[PDB]
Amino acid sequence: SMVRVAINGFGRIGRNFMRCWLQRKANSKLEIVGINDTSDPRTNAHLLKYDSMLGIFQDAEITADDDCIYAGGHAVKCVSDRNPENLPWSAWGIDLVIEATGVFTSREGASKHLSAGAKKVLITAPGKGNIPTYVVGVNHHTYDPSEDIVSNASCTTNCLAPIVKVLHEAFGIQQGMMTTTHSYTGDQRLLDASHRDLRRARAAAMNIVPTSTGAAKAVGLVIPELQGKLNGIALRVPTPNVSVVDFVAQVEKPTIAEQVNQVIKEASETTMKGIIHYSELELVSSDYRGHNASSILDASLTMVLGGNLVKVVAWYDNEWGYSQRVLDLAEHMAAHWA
C-alpha cells in the first residue's frame, strides 16, 4: 500500500533525493521513514535545509531533535552506524533502502541491508560484480520484481545511455568514445591530500583532473548489444555541479548534423520525453542547475564528418538530475513490488 523507504548515506545524493521526494510527495508510492548516516539529525536537518547548490528549502519547515529529522510534520527516524548489518530495518519495517554512501556497491556489501531486515536495495551508483544495472528510459522496464539489489548506474551513464539508444536505433552505433567534463564531487580532495587515486588526490577547485570512468562501458550494460564498443574518460573541472558529456561515434548509416538533431529532438518529444531534453539555446552550465532531464542535448554543438563520424554534446545536473532518476527507479519498483 505504501513502500517504507530509508536512506543510507545522507550526502549530496541522499539529500538531493530527499528533496526530490519532498517535492514529488503528492503523487508518490514512497514514504521515507528513516535515515542512516555518519552524522546526527540536527546536523543533517541543517544541511537538508541550507544547500549551497539548491538554496534554502522552501516547501516545508525542516526541524530535528535528538533522534529525528522532521520535514513538514513528517517524522524521519535517524541512526548512525557504519555497518548496515547493525541497522534497525526490521524494527522500522524498511522495505526499500537507498544506498547513497558509495561504499556498499557490491552484492555482499549491499546485502547487509537485507540481513538487517530490509527487502530491496537501490544502489545510487554503478554496481560491482553481477548487480543488475538500470537506467530509467533505456532499460528500466526489464526490471524483474524478484531482484533484491539493483544499481541506478552513474550520473554520466544516465546522461549518455539515453542518447546512445536513440542514435543507435537511428543509425546503428558501431563504436563510441566519450569524455565527460564533470563538476568535481566529494571523492576528490579539497587540497592535495592522500588518496588511492593519485589524480583524485589533487585539489579539486584548482585543477583539471582526468579520472577513469566506467560510464562508457556501463552503457553497454544497459544497451547490451553495444557491450565492448564504448569507452571514455572523465575530466573533473572546478565547478560544483552540472556536467557535460561529449560523445563521438562512428555509425553504420550515413547522416548529417541536422538529421542527428531532428532524431534526438523527436525522441525528446515522444519516446524519451522527460528523460532527454532538446535545446537550441546558447546556454552554459549554470542555466541547467535543477534540470529534471537525464540528458539535455546542446543542438548547436552537433557535428558530423564524412556521414559516419557523429559528435553530440549533452548537459546534465549530475546531482539533481540523477536524483530524479533514482526516485523514478524507486517509484517504478514500488509499482511492480512483485
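Just so we're on the same page, rigid core means the largest C-alpha set that superposes within 1.5 Å between forms. When you see a residue number, it is the position in the sequence shown, counting from 1.
Between stretches 209-217 and 224-232, the one whose Cα atoms sit farther from the displayed model in 8 other deposited structures of this protein on average is 209-217 (core-aligned, root mean square). Between 303-311 and 25-33, the higher mean Cα B-factor belongs to 25-33.
The question of which stretch, 37-45 or 283-291, has the higher mean Cα B factor is settled in favour of 37-45. Taking the PDB entry at face value, the top CA B factor among 235, 230, 71, 248 belongs to 71. Among 116, 100, 178, 161, the highest C-alpha B-factor recorded in the PDB entry belongs to 116.
Residue 151 sits in the middle third of its chain by CA B factor, as recorded in the PDB entry. When the modelled residues of the chain are ordered by C-alpha B-factor, residue 79 sits in the highest third.
Residue 127: CA B factor lies in the highest third for its chain, per the PDB record.
Ranked by Cα temperature factor within the chain, residue 172 sits in the middle third according to the deposited record. For residue 88, the recorded CA B-factor ranks within the highest third of the chain. Only modelled residues enter the ranking.
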